[PDB]
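One structure below.
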Amino acid sequence: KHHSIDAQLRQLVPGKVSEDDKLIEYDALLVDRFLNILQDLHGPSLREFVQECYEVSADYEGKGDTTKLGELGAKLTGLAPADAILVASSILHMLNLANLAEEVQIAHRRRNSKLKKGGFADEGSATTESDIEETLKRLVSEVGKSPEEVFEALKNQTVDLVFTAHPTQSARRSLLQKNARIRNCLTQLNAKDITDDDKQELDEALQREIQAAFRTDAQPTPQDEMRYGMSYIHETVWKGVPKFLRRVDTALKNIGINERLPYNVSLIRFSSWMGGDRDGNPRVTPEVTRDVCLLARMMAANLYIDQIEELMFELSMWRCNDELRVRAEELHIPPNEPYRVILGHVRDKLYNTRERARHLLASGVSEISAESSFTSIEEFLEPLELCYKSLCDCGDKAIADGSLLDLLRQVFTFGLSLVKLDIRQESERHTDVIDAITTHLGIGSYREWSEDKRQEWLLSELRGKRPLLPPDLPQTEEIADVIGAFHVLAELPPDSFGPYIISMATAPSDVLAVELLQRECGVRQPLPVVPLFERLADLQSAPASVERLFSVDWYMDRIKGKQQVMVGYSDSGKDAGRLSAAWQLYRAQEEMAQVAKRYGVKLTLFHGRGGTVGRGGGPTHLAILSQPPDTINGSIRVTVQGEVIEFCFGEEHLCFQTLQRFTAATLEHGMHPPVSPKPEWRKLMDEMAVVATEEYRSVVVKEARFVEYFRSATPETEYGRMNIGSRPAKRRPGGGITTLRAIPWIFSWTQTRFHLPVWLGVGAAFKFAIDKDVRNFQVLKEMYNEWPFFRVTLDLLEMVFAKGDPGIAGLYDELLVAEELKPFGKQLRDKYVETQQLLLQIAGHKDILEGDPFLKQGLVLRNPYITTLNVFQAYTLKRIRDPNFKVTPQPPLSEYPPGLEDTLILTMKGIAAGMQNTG
Amino acid sequence: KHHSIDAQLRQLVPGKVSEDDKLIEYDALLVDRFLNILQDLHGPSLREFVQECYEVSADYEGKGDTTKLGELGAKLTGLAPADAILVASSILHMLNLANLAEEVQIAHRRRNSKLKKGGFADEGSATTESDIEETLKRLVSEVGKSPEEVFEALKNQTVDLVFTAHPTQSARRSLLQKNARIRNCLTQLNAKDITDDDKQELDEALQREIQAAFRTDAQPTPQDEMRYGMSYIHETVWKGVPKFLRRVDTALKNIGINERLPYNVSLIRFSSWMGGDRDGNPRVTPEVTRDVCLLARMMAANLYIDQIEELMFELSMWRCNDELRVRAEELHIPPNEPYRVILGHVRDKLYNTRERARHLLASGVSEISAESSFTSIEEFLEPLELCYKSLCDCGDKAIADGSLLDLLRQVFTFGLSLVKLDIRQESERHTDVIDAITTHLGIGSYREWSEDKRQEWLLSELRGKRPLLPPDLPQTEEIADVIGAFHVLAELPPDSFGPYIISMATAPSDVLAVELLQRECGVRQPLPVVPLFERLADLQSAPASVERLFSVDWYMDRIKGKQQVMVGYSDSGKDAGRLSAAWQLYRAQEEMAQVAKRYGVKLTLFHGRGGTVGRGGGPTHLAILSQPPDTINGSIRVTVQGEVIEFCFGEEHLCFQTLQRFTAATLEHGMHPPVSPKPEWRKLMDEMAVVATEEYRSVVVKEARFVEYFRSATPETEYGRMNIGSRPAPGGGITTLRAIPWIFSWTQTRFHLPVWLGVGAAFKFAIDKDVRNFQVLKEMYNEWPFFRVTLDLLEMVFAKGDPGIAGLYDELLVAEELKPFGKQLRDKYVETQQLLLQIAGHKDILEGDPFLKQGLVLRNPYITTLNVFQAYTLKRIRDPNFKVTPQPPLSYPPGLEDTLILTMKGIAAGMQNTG
């Protein structure tokens, strides 16, 4: 009940990483108060049990000795069911608090330019990266671009951030606000010259908010999961984008541009997969898609109604131009406040816009006319731009450039739906539909046809003028879902959507199949069709596939010089290992850009989950700068993984830094590409890729006992049976691991702190390269320090190794895998150790993350809570799986068998929360 | 276009009054940016004209030479009409900006205990006064009371602040928010370790907000006037009351009490006169009163709906006690969120309460049932206290003591109507009604009867059981308004009202007559009747009046041991001068408390306009402490003058300090009374009061041409015919003129005759009567809080005065025959000031409070400019022969009316409270 937890933290990180480093102080302040709440509510004994768990696990990091973990697991398994949930949830809440303190520290850390050493490596951490104006200054003076060149590059830039559902955590809006109050109490408490009484009251508030978070807690609807994905837009991003665009104005002033970024520049846009991605996800029906589109339009309408009402209060002026005065008279509270009369009308039409969507959502029908509401972005902006012009014509541009300019930038960023919905479906599901059509019409089986025959037939249909899809067509459930989805797209406004993405795209016929289905189902404004090239072979042939499409007269007419392609890191890494996937992805990008340049097509890349781009914080800055030259040119899409969305957008300043990161990195790359690889580097990457793929497949594909080990050393099977992914874990009820999807592949191996999908293959490749020529070792480290692609790739592996622990993995082994396969597990752990130390010698580090002590400190302070949940998980699995393993039921301390399922969910949630992004 | 305005301000106050004194820097930041905006929109010529006006006036303060101002006035009268409005409004906006920086400066001044010298004098300024915690610690350790004594005193304490309309200024809610953004930009701009880009953008923001205030322009309804008066409640007081009560909890903990102040303690309450006061105000009809009552209930429902919705977001818990779980089940969005289920129902009934009020306001009728809404504070409280007890029963009292405790404290502070409405009406209007009743019934003329006969008749009616008021009584417009008003009181919920105040109350029959009318018009829960004793003769007989009332069996049964009495400072001062009024008020207070103690009645005093109690900032703290011993005992009502409401409640921290002030001073007085006056002090006050009254009446009553001087030397008649006071100012002496115009007109000219006239005859007489007396007057100033606060008010008003400006009005507007009379009055001014400083032991005005001195003088460049503009504008308004050479442009007869109202608004804004 008495001692603080900070002694254990100082053992982990002796020493401050900066002068204003207070992370351990903050962690102690929050956790000590939590434990006191725990004791007040549940008695001293369990408080001391919980703190002893934390102390044991903290000791383990300093002295990697498994037996003390086994001690702890013995104690944990003996707890009564109620106590087990209570201790697991307590450890979870402490991890949350520690993450909140980590957020506060990042947000308020003073930038210290003495940490910069120059060059691209500075851009890999928030402690050293360039802000937007530093980037603007560099482009002008070091690279030699003119201010007007930079200004027009920005005018043509667009970064599209795509939200995807969080696999394990909901993110209720009311919880995001508890988080904020805890963060606010924390910063205010540690203010400069704070009063005794202020500090006393802030302390009581902090204790109050921690308790409130501790005393609050079936899968959610896809509708609900979408509502929860939009919380971060309501809490930071809505207000955040005007604030960042204003900083871009300030930066432009400070390089000599004497005008603001025009308010119609969509510098940042936001998209969503929630309700649109149905790849292997049959709960995402056509109706779900129609719903999330209407839900988004209600959310937008209410956000705008609030902004407009705040603006009405402010714009009390009476001086206006003639166009506004005539319109204000026509709408006829007081007539001598014309800006309020216009905006009052806009609010009226926004209210109708909202109610119309609400009615369509409930009944499917609305007697509120589309005339009385806003149907297009253009008719929404007409009165707003009239207010802006009027203020400017009267010499009040300074007033206009305040809240009204914020609103206009919000309209051009968010539109009438906040986010544009991406649609995604698997290519073979489209083939199924087309085969159904061809057989029913009696012209054969489209599935049996070769790729060239498919293209020939599709093109004759696309070029012909006679319809194809009979309403009579006999339909499976899956075929009816595909057709029904297209029918929904045809019925909804085109501005609700972005692209239609084809999972597992392999050839041009996959793209033109969707183009034909779109048209024959009546989508009169078709969606851009985006192939997702997942396997290594598909990436290798992607430039050929894109060239064939660009060589077809019909398709060039359709796309109007714009094509989007999606690439997946976790996807391709599951096929051949991360190193080989990384290198083929680089080559595919540079050759696809070459194809696009020859054919006059502007090619935009969409970066899927598990990438270097899309990491939390600074690493994304360098990752974008590291992409092949001339592959961005002001247009890029990046998924915002649910695992990092809290750190990227949960807090005002973190949101700002994220928007600035993507904007600055994208802008600089277009005018300042990284160095082109020299032939020695390409040859080495080529040779290492062969070795890495071979050894990855040697463990993953060609070893007969791999799946049996995987199902024992990981909690996969439980993850699937509990539907923690709200999605089937596999496409076929059998198959190899090739049928398993990426999310479960990465999830299961990071739960055990082993992370095999991220690093396997790298060890074989590094040792092969060094051993075949004495020179190769020096050229590898030269690559690490001069080639951003290689640097960024390896830094990802370093971060994952900091999150890994072979001892914990071996703990899962000893209790869950059969004797026969335990030597296989230690073989894998041998591969782990050899990859890590080879990784360290390249890059020239003696310790993991020696180049980023800030990240090292932040990661290390999470592990006491994580490792505790690790041993709780491993022992919970053994109880779940073995009726004969005996436990000593200890007396209380104030599906599956009792409590075990709840405990396991809690460990899964907590470990995922602590591990965030891996591969 | 070029140089900053801070040079001219340094000239008036060179030195810093504290380490963190940045007031001149702030004034310069705001005004330099304003002047650049002025130039950007209207050209350099006009900007440089406006700045030249400022510097001329700023130079005049340092070198009191009238020639300066005359040449400025020549320039001002030359302006074309559009330029004149534009220059006067510019000067006004700059004064507003200077006031905003003064607000920022007071709000964020770091407390410095080394300034304290111990004793009651520390409580006269915010820089030295005791917080609530230092007050509790002093009561325990310096006075020697126990912590549980102090805790019990707080539980029984009620301070009620009464809002009254602002005579000249709107206070729109959108303006208060522009003010807030300017202040916020100011403080954020001067935060430490601010980044260059943050500073750049904040600067742009501050420029943008100043411009927005500059490009925002019939008198208002009494209804609109009321919702403008409620804006301060929406902006700071609503959130401020729970903040302060939480500080009271912290203070209690730090003296040994380990429980919070119970949430049902009404430590602070709020009242309004807006729509209730109809004294000499024929608009303010019965329906006006009905309207502002329903408007208040709508505003309350809106505020509660917002608080409840934020609370629902927070209270996600699922563990509750049995009582709540049962009622949550009966209300059946998700059922595992019981606290949200209950609060959702509360919100529904609040929505109904609002809509019902809106319907009653528009049509007079509502199909929305009273059952589906909240009609009493008790049924509103029932589900909220259920939530509180449920959270406590589950070991979550810590969560309950957060936002939910804030909400319960708001309910017990504001009720369902935010404020309670005071009704006020003159006593002769009630006599008119009763004389119409007695003549119509053939009983005779109630007006002709002596006071004894009136009481005899009224008491036989109130004791009788037969009704009196015939429904076919012939009614004049005035009589119908009185009866109609009472009829509205009978129709509205009792908790909408506070007391019925009788202006010009003279005798018990005034109080008893209202009790009879109230009953005869059907008010079934009568309002407490409080007399307002205004003339000094009425204050001297006030104790006999309340003793006669307390000796009547019927009235004792009605009041149930509680009586409220109202006293007026500006009212009594207009009768016989401020010094005699102050001393008569003191004796009346101690004599009424003595009567009250003898009859077992709890006497609550209500302090009206123009007092020491009710000044802005620290002086109110000492003023309350200076009240006669045993006249508060935890119960006091104070007027919040509209002149000081911005400085008291406009900003978060100022609101906090205001509530803390009234609470701490009231609490302490009940357990630490001031010294009792020594017999020598009483005898000296008695003799000075005679001399002061006779000197005041010799100028105001007994000099035949005083009204002619008054109507020329001040803008009184223009203030009347423009109805700047929203109220009549029939034709008699000066005795028929109301108090607000009497103070307003003399404050515009910077002369302030009503506040000081008489004081110097009294001081001169006392000193010259006996050589011991000067020493005694100095000891009274250092040892008698009553005398100290009385003279500190005079000192503050002299700081705001300037005889040169008053002489400038004279020279321009007074006939040659009366100019020597004005010179005699300015002689009386200079003599009173000099004698005042001698007794206070000061070489200069406000030498005892350099913080107040600095704040006042930095306003004078803007005020003085408008003074010059005003004086010359009036002579143009009054004289067709006065010639002006029209200057070419720089961008009543034309423009003169609008410039005059602009000067009146600006001067009043800068002068705030005087007498």
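All residue names refer to the structure tokens as shown: chains lettered A, B, ... in order, residues numbered from 1 in each chain, ligands numbered from 1 in order.
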- [ ] Identify every residue of chain A that has at least one atom within 7 Å of any atom of chain B, counting only C-alpha atoms, and report the result as a PyMOL selection string.
- [x] chain A and resi 41+174+197+208+212+215-216+250+313-314+316-317+395+398-399
Open item on the list: Would you pick out the contacts of stretch 562-575 of chain A at 7 Å or less, using only C-alpha atoms, so that residues sharing its chain but fewer than 3 positions from it are not included, and give the list as a list in words?
Closed with: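 These residues fall inside the cut-off: residues 530, 531, 532, 533, 534, 535, 536, 559, 578, 581, 601, 602, 603, 604, 605, 606, 607, 608, 609, 610, 611, 742, 757 and 919 of chain A.
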Open item on the list: From the options B:907, B:433, B:620, B:896, which residue's atoms come nearest to residue B:792, counting only C-alpha atoms?
Closed with: B:620
Task: Using only C-alpha atoms: which of A:132, A:460, A:749, A:35 has the shortest distance to residue A:668 - done: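 Closest to residue A:668, using only C-alpha atoms: A:132.
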Task: residue A:278 environment, 8 Å, only C-alpha atoms, sequence neighbours closer than 6 positions dropped, as a ChimeraX atom specification - done: /A:284-285,423-425
Selection to disk with C-alpha atoms, as an mmCIF file, in the first residue's frame:
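The result, written out as again-v4.cif:
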data_model
loop_
_atom_site.group_PDB
_atom_site.id
_atom_site.type_symbol
_atom_site.label_atom_id
_atom_site.label_comp_id
_atom_site.auth_asym_id
_atom_site.auth_seq_id
_atom_site.Cartn_x
_atom_site.Cartn_y
_atom_site.Cartn_z
ATOM 1 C CA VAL A 284 -20.317 -5.866 -44.661
ATOM 2 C CA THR A 285 -23.461 -6.037 -46.796
ATOM 3 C CA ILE A 423 -14.899 -0.149 -51.547
ATOM 4 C CA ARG A 424 -12.876 -3.368 -51.566
ATOM 5 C CA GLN A 425 -13.654 -6.872 -52.820
#
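Residues in contact with stretch 658-661 of chain A at up to 8 Å, not including ones fewer than 6 positions away on its chain and judged by only C-alpha atoms, are residues 131, 132, 241, 244, 268, 617, 618, 620, 621, 648 and 649 of chain A.
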Open item on the list: Would you pick out the contacts of stretch 545-552 of chain B at 9 Å or less, using only C-alpha atoms, so that residues sharing its chain but fewer than 2 positions from it are not included, and give the list as a list in words?
Closed with: residues 459, 506, 507, 508, 509, 511, 512, 541, 542, 543, 554, 555, 556, 557, 563, 592, 595, 596, 599 and 601 of chain B
Task: DSSP strand (DSSP E or B) residues within stretch 416-473 of chain A, listed as a ChimeraX atom specification - done: /A:420-426
Open item on the list: Between atom CA of residue A:243 and atom CA of residue A:403, what distance in Å does the model show, to one decimal?
Closed with: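 Spanning atom CA of residue A:243 to atom CA of residue A:403 is a straight-line distance of 10.7 Å.
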